[PDB]
Amino acid sequence: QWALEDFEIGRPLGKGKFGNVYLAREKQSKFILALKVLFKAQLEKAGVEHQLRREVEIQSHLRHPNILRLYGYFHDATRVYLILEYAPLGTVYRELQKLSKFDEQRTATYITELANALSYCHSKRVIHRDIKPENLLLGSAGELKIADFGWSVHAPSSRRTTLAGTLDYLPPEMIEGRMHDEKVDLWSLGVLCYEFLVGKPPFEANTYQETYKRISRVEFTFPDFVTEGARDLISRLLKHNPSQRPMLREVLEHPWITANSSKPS
Ligand SMILES: Nc1ncnc2c1ncn2[C@@H]1O[C@H](COP(=O)(O)OP(=O)(O)O)[C@@H](O)[C@H]1O
Ligand SMILES: CCOc1ccc([C@@H](C)N)cc1
Ligand SMILES: [Mg+2]
Ligand SMILES: [Mg+2]
């Protein structure tokens, strides 16, 4: 159906390990969108064809205001192209670089939006497993949208693919290669809440080997400026035992969330 010829390409929006993402406009309709380009040679070399298939299948069927739309795809014998919803206000990653730290209202609002989106995903037993600021994008009204479903699966699951970059957002059970489920995304939600308020994630360290140690032992501390309500929510999410982590409905009804979020469940 679609082909490269149908689009005018514009400026680079961002880069990923595999993805090279561009602004684009479809010629007949003038519809503005994002084109995510993947190189077939690099896909085959890393052996991640199944992840690409998952990304397309899972993301094209989900419909939620806080989840990024995937409209389709095409390919041309060197490249694969995913057709995505364009997020005009960029990444949460960039926004944190700009401001250093978020205040409590901003943080609580982002956490509410994330919990709404994940609750929807989990009701289909879809777990994302790669929630981190570079994969959280912003819509025209500044609302958060989860993207990059390449690592997503159906629970419960093992891990069959090599971990690539940072360990910072992953729970103990996933770094230790054990069996895991939906609770992995609750752990990541805790890591994000901390990084949003403090400016760096809680198990950050100079080497892979030391980061691993801090995560498996759940060794983190709070700066003085973090309030008691924030400490309570974050301490509840960062539990070594997955079954002790709260349900998303409990996060959405936490007193700190309800006192500070500008958006509802
Ligand atoms: N729909 C989009 N709108 C705006 N920017 C995007 C969009 N998709 C991706 N980006 C930018 O491109 C980067 C890589 O996209 P991503 O889908 O995460 O690739 P990878 O799978 O390689 O991580 C993102 O971190 C973001 O900076
Ligand atoms: C959803 C489509 O998935 C694909 C996966 C791999 C390839 C290439 C690498 N042979 C093309 C499509
Ligand atoms: Mg990504
Ligand atoms: Mg990916």
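The first residue of the sequence shown is numbered 1, and numbering continues consecutively from there. Just so you know, ligand 1 is whichever comes first in the structure, and atom 1 is the first atom listed for that ligand. These numbers come from the heavy atoms of this one structure, side chains and all, not from hydrogens, waters or symmetry mates.
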(request) Only heavy atoms count here, so choose which of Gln51, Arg53, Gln42 is nearest to atom 3 (O) of ligand 2. (result) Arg53
Just distance, no hydrogens or angles: give the donor-acceptor pairs under 3.5 Å from side chains in residues 64-72, sequence neighbours left out.
from, atom 1, to, atom 2, distance (Å)
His64, ND1, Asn66, N, 3.0
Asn66, ND2, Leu144, O, 3.0

(request) Would you mind running through ligand 1 and noting each atom that sits below 4.0 Å from a heavy atom of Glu85? (result) 1 (N), 2 (C)
(message) Taking a cutoff of less than 4.0 Å between a non-hydrogen atom of the residue and any ligand atom, is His75 in contact with ligand 2?
(response) no
(request) Provide the atom name of the closest N, O or S atom of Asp148 relative to the Mg ion (ligand 4). (result) OD1
(request) Check ligand 2 against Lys40 and write out every atom of the ligand that is under 4.0 Å from a heavy-atom position of the residue. (result) 9 (C)
(request) For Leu52, take its heavy atoms, then give the atoms of ligand 2 lying under 4.0 Å from any of them. (result) 4 (C), 5 (C)
(message) Measuring from atom 2 (C) of ligand 1, which candidate in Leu137, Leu84, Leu138 has the nearest non-hydrogen atom?
(response) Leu137
(message) Please report whether the ring centroid of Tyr81 lies less than 6.0 Å from that of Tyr22.
(response) no
(message) Can you see whether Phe225 has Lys101 sitting over its ring - NZ or CZ less than 6.0 Å from the centre and within 45° of the normal?
(response) yes
(message) Can you tell me if, anywhere in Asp130, an N/O/S atom lies at a distance from the Mg ion (ligand 4) that is smaller than 2.8 Å?
(response) no
Identify each donor-acceptor pair in which a side-chain atom of residues 164-172 lies under 3.5 Å from a protein atom, sequence neighbours left out, and give them as a table.
from, atom 1, to, atom 2, distance (Å)
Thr166, OG1, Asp168, N, 3.1
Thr166, OG1, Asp168, OD2, 2.7
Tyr169, OH, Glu195, OE1, 2.5
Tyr169, OH, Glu195, OE2, 3.4

(message) Classify the ring geometry of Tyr110 against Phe102: parallel below 30°, tilted from 30° to 60°, perpendicular beyond 60°.
(response) perpendicular
(request) Report yes if some heavy atom in the side chain of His128 is under 4.5 Å from a heavy atom in the side chain of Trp151; otherwise report no. (result) no
(message) Below 30° counts as parallel, above 60° as perpendicular, anything between as tilted: where do the rings of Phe7 and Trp2 land?
(response) tilted
(message) Could you tell me, atom by atom, which parts of ligand 1 come under 4.0 Å of a heavy atom of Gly19?
(response) 22 (O)
(request) Using a strict cut-off of 4.0 Å, indicate which atoms of ligand 2 neighbour a heavy atom of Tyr73. (result) 1 (C), 2 (C)
(request) Considering the heavy atoms of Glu134, write down every atom of ligand 1 situated less than 4.0 Å from one of them. (result) 24 (C), 25 (O)
(message) With respect to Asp148, determine whether any N or O atom, backbone or side chain, lies less than 3.5 Å from an N or O atom of ligand 1.
(response) yes
(message) Pairing donors with acceptors under 3.5 angstrom, does anything connect the side chains of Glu26 and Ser29?
(response) yes
(message) Check this for me - ligand 1, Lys36, N or O atoms closer than 3.5 angstrom, yes or no?
(response) yes
